[PDB]
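Quick setup: the structure tokens below cover two forms of a single protein chain, split into structure 1 and structure 2.
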Structure 1
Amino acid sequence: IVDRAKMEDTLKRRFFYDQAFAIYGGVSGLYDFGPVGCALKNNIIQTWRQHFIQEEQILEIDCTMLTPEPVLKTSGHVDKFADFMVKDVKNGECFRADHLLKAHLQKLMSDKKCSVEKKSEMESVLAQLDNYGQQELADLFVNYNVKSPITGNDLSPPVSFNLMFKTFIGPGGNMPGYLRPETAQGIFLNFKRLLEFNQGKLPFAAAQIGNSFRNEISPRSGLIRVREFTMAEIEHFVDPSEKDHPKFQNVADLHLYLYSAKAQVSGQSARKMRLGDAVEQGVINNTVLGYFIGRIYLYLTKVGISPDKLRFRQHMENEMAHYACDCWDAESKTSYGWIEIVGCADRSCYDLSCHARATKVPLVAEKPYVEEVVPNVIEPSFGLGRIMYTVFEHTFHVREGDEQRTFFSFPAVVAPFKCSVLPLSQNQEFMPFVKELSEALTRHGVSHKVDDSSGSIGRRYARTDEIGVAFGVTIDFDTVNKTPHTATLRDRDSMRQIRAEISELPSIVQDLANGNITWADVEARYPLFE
């Protein structure tokens, strides 16, 4: 439970993100990220690079966004990459049928005049929404007589709407193209040279961190529904018969809420299992898929996602994408309900074959006299956009005080900047201290900034908390005059402080941010300062 209104106001005001082309009315689904928003957005991409590319020695490539029609036709995007759209016969307003039907049903379940028996029937309908194909949706749109959410008019029947943007490469119109809806395709088209890097053996993973475009129908979910976002996709090619990851044990003891496809149809709830035990019962097919599922859990957590609001929902029989056979999604409980922030699929061979059969160019690998095989790819799809937004809601808190101050409990690895060095006076009396501390912090690799804003030391930290600065050191007169020279180390979340010698503080803030010492540990070693 989070007050979205209050939050968005803080985010936009401190400029984390805001409506793109605002002075023109803005375009729904498009936002610009201000300074802090970038510092945070950057820290997350940096953490991801470490957690995956670096930790797994993933081959990184950077393909183009512009794509010639022929390429996406083969992958099957020109045909299946779409959403069902409806529009009131009156004017020409469009809506994503998929969601409008869900918005309506939720409206009925809320009305007090609704029977318990119907409430159920509907809950069953919503828990199977991503399965209802073309026809099935048309009927539900009749049975429930869904009508325009605005000036309730009559909606035309649900029709598919290709989400890919369209353009023309070069003068003339002989080469029509689209803006890549995903990045994965680029890695497949380069499978040859890529496989060559690993001596030709499997498994090997290729990755990409770039922009994808999705001409969303009716974006109304803040940063959740954008037509332009940055995503980090991993394409882990493995031998279909050797689907066993040599590191699965490093993430086997992790306990996370799994929501099988069965539990979704068998009407029961998600169970908090153990990955190791998960693979046993057969919930999670193999251990490769299992390994990444665990790593994904670790990443999201380390970046600011709350475990008590993070689950992995499996897909339904016919919910499968036009390129997958099995899949699991990392969903976060937000103010918009459960939403897919990271998508981990298991699109066995499909892709490579399509491009090979179309271009008349072989894309395979061999294994020991020797047999050629079609690699089975597990693609963890990260939406850095939704992932960041989740961190926003999960860490946005309101300080217990009439002034209604807010703050984000951002981990030290993602906060705009870890420490905030703020002195009382800027005269040449404090400089020798501010200068030292700063440079000292830098040597320890702790991002910081010397606060200049006006107001009381308490109002200073008030602005610091808003953008979620992890810590803060107060340098007052007793620090400059008294001796030993000690400063005040203030914790963001607790607001509780400490008084240690200003020379040792750097190493202290370092361990605190790096998770080598607990704030409790600090209060035990040094004298508390009210």
Structure 2
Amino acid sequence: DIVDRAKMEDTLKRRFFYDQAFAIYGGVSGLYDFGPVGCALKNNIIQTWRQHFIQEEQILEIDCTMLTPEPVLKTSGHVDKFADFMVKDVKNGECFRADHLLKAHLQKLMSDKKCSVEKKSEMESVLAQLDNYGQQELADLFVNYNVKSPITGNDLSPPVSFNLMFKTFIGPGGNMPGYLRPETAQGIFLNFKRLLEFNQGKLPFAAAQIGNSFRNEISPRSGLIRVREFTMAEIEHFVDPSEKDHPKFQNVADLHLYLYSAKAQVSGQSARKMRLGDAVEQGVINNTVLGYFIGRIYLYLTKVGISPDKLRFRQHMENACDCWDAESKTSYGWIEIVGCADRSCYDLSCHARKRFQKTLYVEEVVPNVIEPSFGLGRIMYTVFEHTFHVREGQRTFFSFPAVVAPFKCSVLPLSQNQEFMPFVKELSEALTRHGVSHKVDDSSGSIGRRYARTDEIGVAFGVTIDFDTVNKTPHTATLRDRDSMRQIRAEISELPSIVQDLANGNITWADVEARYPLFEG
């Protein structure tokens, strides 16, 4: 098994990382509220992202509106090329996703042990073309397989196209209908002219935006995986086709990562780990610019807490672009958490019919675009699942990296009493001076029971202040590690420094024990 999601979900809920929105009103499907801890984790995730991409690549951040008029999203194609198929129940109403009902129905009839082998083959011939059947072509499949409701069957109406955009109206009731942006990339396209001039009109530049996009899902019942309101991080990197080679690729070429190409998928071959440099050598990856971001993405995700042996890069097949999607193995299977797409002919030239880029040799250049889109809720949930562990005890802890954990350290004073506040106080300030997130724990119970609470929310380190720390005359406090649970004893003035180094990749815990005396119960 991948993970015990029932335990994981109970913990996520009990400690309020995220929970069903509008719970006291019955709760709305596809919508979630992130709590204090979830919010901390989330901001952390996002700031780490900011650093990794925006800062490293000098990207031009932009903040566009979510309210977009219909004309824009029509030039896009999004009124019914961005729809799903609904099948309505012929009388008592309920709506279902046609892709899903069909897939489920086939899998059902298929795993019946009184069906023919040639049926099984006919049906798989069908499941492998699901996302390609047209309106009429998919409608005939419903009849030819006698599909009906799944809760006591009734008949199902012919599948119709259902737009996934939230319809609204901008201004006084009138002639300006609009939608909530389905993606974040469009605003960047709309600002291509301004962004080009901001970059002095030079050829390669990247633009990013962090915000919420909306997808009116039909019947979402899979947690943060399928949601109607989600936070996204988009990047639009524009390149001259004539000069399509990233100068910083050498910094990533040495990485080994599982590549799941389209040809492997066609051949029915498995995932295949491969050195990135070699990947571009052998042509499994078209160019270094695409390869660079792939490696950068891999680095980002692994830094956030996603396990590399459950992380693969899958490339789709014939479903106008060379796309590589970062996928992670969860209790829901392999899901797309980050979509990176190399695109030559895209929606930018549509809004022009924004603009092009003139060169020094008087040449109008339509730049290609590499667009890595990060789905942060899924990324976050992947971290939850790859990080949730159960202890020897029945206790629970998240093994978040210190760079993403809600807060890096947690100080524990035994006494609420005074003479301690000066020690607690100075520790807090030194931590802050070192840029180390912390929170003073003031809960009621045993020290071990208090550390079990901090572990539950994934706090990386801990510094407990006992009586010897105040009285016994060279002031030393004890530092605990989340994972190992092992402890050491060091001078309280030195602790901020080593915790900072522990938070970064500077020193390891094995080094801390090497330099500092161990400590027990």
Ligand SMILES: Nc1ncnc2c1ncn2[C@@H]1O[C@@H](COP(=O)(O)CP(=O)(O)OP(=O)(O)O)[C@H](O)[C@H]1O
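Rigid core: the largest C-alpha set superposing within 1.5 Å between the two forms. Residue numbering: structure 1 sequence, from 1.
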(request) Of structures 1 and 2, select the one representing the form deposited without this ligand. (result) 2
(message) Going by which superposition fits each C-alpha better, are residue 527 and residue 413 assigned to one rigid part between the two structures?
(response) yes
(request) Treating the chain as two rigid parts, state the angle between the two structures by which the smaller one turns with respect to the larger, in whole degrees. (result) 14
(request) Using the rigid core as the frame, report the C-alpha movement of residue 125 between the two structures, one decimal, in Å. (result) 6.3
(message) Given the rigid core as reference frame, how large is the C-alpha shift of residue 116 between the two structures? Answer in angstrom.
(response) 9.2
(message) Please give the CA displacement of residue 97 between the two structures, in Å, after core superposition.
(response) 2.8
